[PDB]
Structures are given as C-alpha cells and as structure tokens.
Amino acid sequence: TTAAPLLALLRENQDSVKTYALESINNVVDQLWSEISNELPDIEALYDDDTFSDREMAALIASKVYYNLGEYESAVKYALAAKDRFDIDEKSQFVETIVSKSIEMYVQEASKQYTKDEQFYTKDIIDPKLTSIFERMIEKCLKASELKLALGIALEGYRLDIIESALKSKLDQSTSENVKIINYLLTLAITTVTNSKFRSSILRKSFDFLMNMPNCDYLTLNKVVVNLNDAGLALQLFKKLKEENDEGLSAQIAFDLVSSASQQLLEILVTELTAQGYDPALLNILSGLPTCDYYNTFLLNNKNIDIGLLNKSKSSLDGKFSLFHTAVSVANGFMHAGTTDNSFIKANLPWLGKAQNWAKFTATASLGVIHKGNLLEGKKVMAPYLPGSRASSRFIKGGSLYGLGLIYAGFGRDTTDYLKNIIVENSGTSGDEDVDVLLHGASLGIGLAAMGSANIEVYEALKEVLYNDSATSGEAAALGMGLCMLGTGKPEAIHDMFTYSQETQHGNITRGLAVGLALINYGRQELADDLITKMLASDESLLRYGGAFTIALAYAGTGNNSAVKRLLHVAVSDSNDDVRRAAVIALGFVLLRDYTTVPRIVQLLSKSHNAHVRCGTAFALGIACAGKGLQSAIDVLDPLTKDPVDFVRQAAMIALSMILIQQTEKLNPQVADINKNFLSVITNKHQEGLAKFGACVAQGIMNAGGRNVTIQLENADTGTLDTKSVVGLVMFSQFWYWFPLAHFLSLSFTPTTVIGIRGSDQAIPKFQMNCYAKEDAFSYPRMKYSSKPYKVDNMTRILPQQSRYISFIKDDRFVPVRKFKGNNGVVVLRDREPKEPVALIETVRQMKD
C-alpha cells in the first residue's frame, strides 16, 4: 500500500513509537523504497540524534534504501553505522553487496596500513565499524567451517593473527588433514601474497605449526625451508629429525634438501652440523657428492647417442668459419653433456684445428660441459689445456678456466680458490692481450664456481678486473659479479655496478653489467622495483636491455600482472630492437609457472612486423614451455620456422628443441617432421648461415646428455624454482651477443631418472619397478596408461611425463622409506632382507677407491 502512515510516526516524540515505525518500514522497505526515500533526511536525522536509542536501526533503514536506489558508497556508510543491526546471516542481495564492498575497502585500507605497521590490527588505525564487518565475515566462514575461504580473506587483509588463531581452533590434533590445510595456506601465500615481508611471516608461522604436530611432515617442512632459503630453519629441521631417529627418513630428507635447496644454504648447514658432530653419513649426502655421483654414473652408463647427427653437422658446416665451428662445438657439448665421453673430438682432431680466435675458446670450454659433474678427475682432464700447460693460445688457456667452472659448477669451493688466485695475480697487469683472454675465462668460470656465494672476496677480486676497462675481459667480470652476487639484491653491488655502466667506454661491458644487475636481483620481486624503474627510464638502450632482464629474474615464476604489462609495453613501444627482443623473452621467465597462458599472450606478438619481436617470442615460448611438451606453443612456433628472417628461423628451432627435449615420434607424431627439418636446414647449401647454426644447435639440445636430461625450471616436488636452471637459461639467451655464453645452457640440463638407494650403506641395489604404460612409448628414438605394467630397472631413464606411471612393487625386498612421490630423484629404500646378496651398481668414484 503506502508507507506514509509509518513515515508520519517518525515525528512522534517517544522513542518507542519511532522504533516501532522504523521496524515496520523495515518489513516493507523492499517494495516501498521509492516512496520512503523522500523521507530520508528524517530517517538520517534520527541516526544523527545522539539520544535516540535505536539510531542503529535508523542507519540500517537508510542503508537499505540507498542500496535499493543504487547509491552504494552511501549504503555502505550506513550499513557500517548500523553495526550489529546489520545481519550478515540474512541471505539477500543487499547483504552480499555491502559485504563484498566492505571487504574491498578493508583490504585496501590494510595494505596501506601494513607497510607502515605489521601490528596495525592491534591499533585503532582502521575504522572499528569496517573492521567489525571484516572479522564477522571471517567468523561466519569458520562457523560454517569453510576455512579455506576464511583463510583467504584473512590473508587478503594482512591479518596473520586471525590465520594463527583460526588454525589453532581448527586443528583437530587426523594430522594428515592438518597438513593439507597448511599446504593450501602455503600455496596461497606463495602464489598470491605480493608483499614479501608478509609472505615470509606466513611461511615462518606455517613452520612452527608443522614443527609442533605430533606426526611430522618433513616433505612440507622442506618446501618452507627452500622457499625462505633460511639455514636456521634447516638446522632445526634436522635437530628434530635426529630426535625421531629413523635413519632412512633422515637420509631421504637430506636427499630432498640437496636437490631442491640452494647451494649457499647447504654449505651453511653442513658447517653447523659438522661443528655439532652430526652423523657423518648425512653430512656426506648434504655435501652433494653422492647425488652428483649417482647422476654421473647414470649419464655415463645409459648414454644413448646418434653420432651421425654430429657428423652430418661437421661435414655440412665448415669449421674454418668461426660460426659453423661454434655451432658444432656447442652441439657436441650438448649431446655429450655430463656424460664424460670425449669420443667425437678425439675422432676429428683436424676439425678442432681449423677453429680460430674465440671459436678456440668455445671448443676448449666445451670439455667442461661434457665433463660437468666429474668433480674427481675434472681438474685432471683440463690439465693439458690449463695455463702453464704449454698451451698454444690464450684462447685455449682462457677457455680452460671457463670449461673448469662449467665442470665444478655448484661444487666449486676448491675451484673458486684456484681461480681467485689467477685473477688477483693478473688483475694488476694491463695492455696485455694474453692476460685479457685469460681474465675472461677466469671470470666466466669463477662465476660458475662462486655462483650464489655472495662471497665478498671474489666479488672484490672480480671488481678489479672490471676497472681495467678492457673490452675483452670486462664483460666476463660483470657477468661473474652477477653470478657471484646472484639473488642478494645487495645494494652496495647494485650501486657500484650501475654507476660504472655509464662511466665505461665499452658497450659490451655495459651490456654485461645490465645482465649482472638482473642476476643480483634474481628472485627479489617488488624489492627490485626501484632499480627497475631507473633502468627502464634510462636513455641508454643497453640499460633498458638490462631493465627487461631484471624483471624477468626479479619476477621470475611469479605471474605478476604489473610486470607482464610493463614488458608488453616495452616490447611494443620501445625504440630499440634489442630491447624489444629482451622484453618479449623476459615474458617467458615471468610466466614460466603459468606456461599454458604463454602461447596466447604472445601469439599476436609472433605476427608482428618487427623481426626482433618475432624472434623474442620464439624464446619466450622456449623458456616457459621448456620441460613441457605443450602443443599450443608448437603451433605458434611452427610458422616462425618458415619465417623470412634468418635469425627468427634460428630462434624458432632452438625453442622447439627446448620444448620437445626427449620427445619422440611415438609420443608426439609431429616430432619426426621437426627433427627431419633440423636436418634439411643443415644439409642445404642455400640455407642461411644463421638458420643452420640454429638447426645444428637445436639437434644438440633435442638430444642433450645422451637423451637422459630434460630442462625444468620449477622443481616438481617443492614447487620451488631451480636457480641453476634459470640462470642457465638467462645466460643462454645472451648467446647472440657472445657465443661462448651458449654453454651456460648446460646448467639447465637435469637427469631424468628414479634412483633407488639402500639407506643403511648408501649403496645402489639392482631391482625392478613397475611402470603402468605401454613399453614402446618411452623408448629412445630409433635413430598412455596400461593396466598391465612392465618392468623397469633401477637407475634408468624415466621421462618426466612417465614418473606418474612408476610404482614400487608391493611385495619385494626393497620398500621406500616414505611413500613414493611419483616423480624423479633419489628415493631411499629400506631393505627387508639385509643378509641376502644383491647386485650393486658401481659408482664411477667407487672404482677409483
């Protein structure tokens, strides 16, 4: 009917009468809101009246009317003023709307307030009314018991204390379920929280909850440690693992930490366990040696290689041309990587001889890739070419120090000392060409050996090389300084490096330091944003080049929108062709975790008229889609292999080979045509020099490590990013500017196998596991699920796609310490019948003694 009779009562003097009127109107407000709006000033007058008892009801009615009107900022103001009389349980559009809007406002408020104070929630800083709705919305979720929404909101609003309490009250004390929750809350914090100081706090709190649980999940506890990169947490991890003592577990855990975790953390953790007189068996695994040993043995024994491919490359591309020499020199090292077998070069010695200048540098250092790992005899192999070896040229002698760092990468503590001495000795000398080429090789190698070390004495040593401002040595020193300081965001270093990139008179050096600055910010995310802006703003294209890479690293693996947009802008709007290429490539890193979106995001760019942009998108795809076999990426790349521009055809093929590594005609029918094409390009005399070098190098990648490696930037188990492989790929992307840098791709090669280990003696038993799949499927090239499994031997090639199908045999002598994850690496076995004899696999190190 009409609300006028009710509205009239608002004028009555007694509160009991106005209150009755308000509550009556409330019932009909949804029909009569138009009629009622006319009286709003009266209704608000009631709210503004300090002595009216039911003002909260006045507000509530105002709110409902503004809402029904479509003035929302007003409806919120009043619902908030309503306080309690606003009922979040009521199921209605009104309530959904103002609750959504209130949450938005509180998060906005809380972001701003958190950066000023992380305890902000304990102060009155935020509006108590707004706070109330937020917290009550939380309460509602926990009463209905959806804790995954309750946690999300609390997360979104920077409230760690709510998350903490919520977990206490919601932990049963079915621990397996608890762990699932902490895992969801971790995944959320890593993949959404954009504030570091915050994201850290959650992991640190998630750690203490996992630590206190009676049943302990170390698999999850490992995730937290690697993510935070915190040696103190690792230490606690083991001290708790000691008091549980089950030796098999402690071993498995150490094998896990050795694969996923960072080098500098492993070093700090052994030194402390060592000094605390920890078990010598564990201290051995945590040195990395055993694992390096198992992978070495694996690559030596299972190596499958088609040598004709290299041979066609040598016969078609003449080694007198420094390009064609580099092309095969590199492809050699790739196929033979880590495998230790030098057969090809021994066979064509004369071919090696035609290499001149820097092509000589590359061929020497290629021994380093073939010998990657091989810590035992590694230094010996290089002796003939070492300095003072009676070597013929500073190319052989300089590339030797680079082949050396390649071998010992990640183990280089000994090698670092060796190389550091050469630098300090020869940094003083200037004007000598022989010392310059030497100081180049020293710096590339020392960078690989000191990588991630944050070691100030090597940084300082290298810094002296840079000041000689030799164009020859300068680039290496800068890269070295980046590799050395990688991920530190060390402000001293950034400052020193930036200032000098302007003062120097050499371009390559300014390009060296641009990348160097990218390395130092690797992983830093938002803390890199100030430096990124300076760099992108610079007039010097080379620094803008570094700007793109600094985003690629700092934001690597994050799907960050600001950063994806900022790079799309640089790609489209930048004046410089190299800078536009670098900005597209950086997309591959930023998006490596969401790699399926990558082909659509760059599809248009692949059609661009600018060839540098077209070429950068082959690489964005190569990088982001590396381990994966993704078809949508291949479809985008297919046309680019037929591109008019040579270096676009080149990047397209190289990228295809990284996307397709280990794939075979049986898995993907298209791979036959792709392989065939790599060949036609190499054979044809009319095909451009650059297309060929790219096809040749592509074969090396496709077939790398005797078919037993893959490229994966993100660790399958921890979800963490593999630093070594990222850096591998970011240097590889510099090859256009410096060819020797190509070998850096070797850091991205990881062996694909499941390796059983007997926990007690750390010995490798020969047994068989079940693989539910068709046998023909995962076989090497001639050169999915199956109900009936087939048997696969321990320590043999297991493709990443294939891991899901592998199963340990239920009744068998060997049973895994913890349940099988379903993916590659070392798995620690328990022996049911220790007395009985088993055939054992001899470690290469073992034969020596």
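Residues numbered from 1 in each chain as written, not as in the entry; some residues may be left out. Heavy atoms only, no water. Residues with missing side-chain atoms left out of burial classes, pairs and counts.

As recorded in the PDB header, X-ray crystallography is the method behind this entry, and the stated resolution is 2.700 Å.

Trainee: Would you mind showing me how to read the packing of helix α26 (residues 433-449) against helix α27 (residues 456-467) here?
Mentor: For any two helices packed against each other, the geometry comes down to the angle between their axes and how far apart the axes lie. Axis separation between α26 and α27 bottoms out at 11 Å; the angle between their running directions is 150°. For the element pair α26 / α27, the angle class is roughly antiparallel. Judged by the twist between their axes, the crossing of α26 over α27 is left-handed. Listed contacts from α27 to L439, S443 and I446 of α26 are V458, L462 and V465. When the residues that make up the contact of α26 with α27 are grouped by side-chain class, the tally is five nonpolar, one polar and no charged. (Axes fitted to C-alpha atoms, helices over the stretch in contact; angles between N-to-C directions. Helix = DSSP H or I, 4+ residues; strand = E, 2+ residues; numbered from the N terminus. Parallel < 35°, antiparallel > 145°, perpendicular 65-115°, else oblique. Left-handed = near helix turned anticlockwise from the far one by under 90°. Contact = heavy atoms within 4.5 Å. Nonpolar A, V, L, I, M, F, W, Y, C, P; charged D, E, K, R; others polar.)

Trainee: What exactly am I supposed to notice about unusual backbone geometry here?
Mentor: Note: most peptide bonds trans; most residues except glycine with negative phi. The backbone phi angle of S145 is positive, close to 65°, even though this residue is not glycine. Mapping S145 onto the fold places it in the loop between α7 (128-144) and α8 (147-156). One non-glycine residue, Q525, lies in the positive phi region at around 55°. Mapping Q525 onto the fold places it in the loop between α30 (507-520) and α31 (529-537). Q525 gets classed as buried once you look at its relative accessible area, which sits at 15%. (Buried < 20%, exposed > 50% of the residue type's maximum accessible area, 1.4 Å probe, protein only.)

Trainee: Quick question: what am I supposed to make of the packing of helix α11 (residues 196-212) against helix α12 (residues 218-228) here?
Mentor: Look at α11 against α12: their axes get within 10 Å of each other, and the N-to-C directions meet at 150°. By the criterion of interaxial angle, the relationship of α11 to α12 is roughly antiparallel. Pair α11 / α12 crosses with left-handed handedness. For the pair formed by α11 and α12, the contact residues are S200, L203, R204, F207, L210 and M211 on the first element and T220, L221, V224, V225, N227 and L228 on the second. Residues belonging to the contact of α11 with α12 are distributed by class as follows: eight nonpolar, three polar and one charged.

Trainee: Is there a simple way to think about empty space enclosed by the protein in this case?
Mentor: Take a probe with the size of a water molecule and roll it over the atoms, and the empty space left behind shows itself. Taken as a whole, the largest cavity encloses approximately 70 Å³ of empty space. Considered class by class, the residues forming the lining of the largest cavity number six nonpolar, one polar and two charged. (1 Å grid on protein atoms, 1.4 Å probe; cavity = no way out; pocket = protein on both sides within 12 Å on 5 of 7 lines; lining within 4 Å. Points joined across faces, edges and corners; volume = space filled by probe spheres on them.)

Trainee: Looking at this structure, I do not really get the nonpolar core. What am I missing?
Mentor: Among the nonpolar cores identified, the biggest contains 255 residues, and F86, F238 and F732 are the most heavily contacted of them. When residues of this core are assigned to domains, at least three fall in each of domain 1 (1-303 + 753-848) and domain 2 (304-752). Once residues lying within four places of it in the same chain are set aside, the contact partners of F86 are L60, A79, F94, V95, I98, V99, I133 and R136. If you look at the next biggest cluster of nonpolar residues, it comprises 34 residues, including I422, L439, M497 and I509. (Core = buried A, V, L, I, M, F, W, Y, C linked by side-chain atoms within 4.5 Å. Domains from an automatic or database assignment.)

Trainee: Would you mind going over the sheet that holds strand β6 (residues 790-793) with me for this structure?
Mentor: Spatially, the three strands line up as an open sheet ordered β6-β5-β7, and their pairing is antiparallel. Each edge of the open sheet is held by one strand with a lone partner, namely β6 and β7 (806-807). As paired elements, strand β5 (residues 768-771) and β6 share four bridges and run antiparallel to each other. What sits directly across from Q768, in β6, is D793. (Pairing = 2+ DSSP bridges.)

Trainee: Help me understand the pairing of strand β9 (residues 825-831) in this model?
Mentor: Where a strand is regular, its side chains alternate between the two sheet faces. Counting buried positions along β9 gives six out of seven residues, so the element sits mostly inside the fold. Taken together, the five bridges between strand β3 (residues 754-758) and β9 define a ladder with parallel strand orientation. Looking at β9, one finds that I755 is bridged to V826. Pairing between strand β8 (residues 814-816) and β9: three bridges, direction antiparallel. Counted as the bridge partner of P816 is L829 from β9.

Trainee: Would you take a moment to explain the sheet that holds β3 for this structure?
Mentor: In a beta sheet, neighbouring strands pair by backbone hydrogen bonds and run either parallel or antiparallel. Read from one edge to the other, the open sheet built from three strands follows the order β3-β9-β8, with strand pairing classed as mixed. Among the strands making up the open sheet, the edge pair consists of β3 and β8. Averaged over all neighbouring strand pairs, the angle between strand axes comes to 45°, with direction disregarded.

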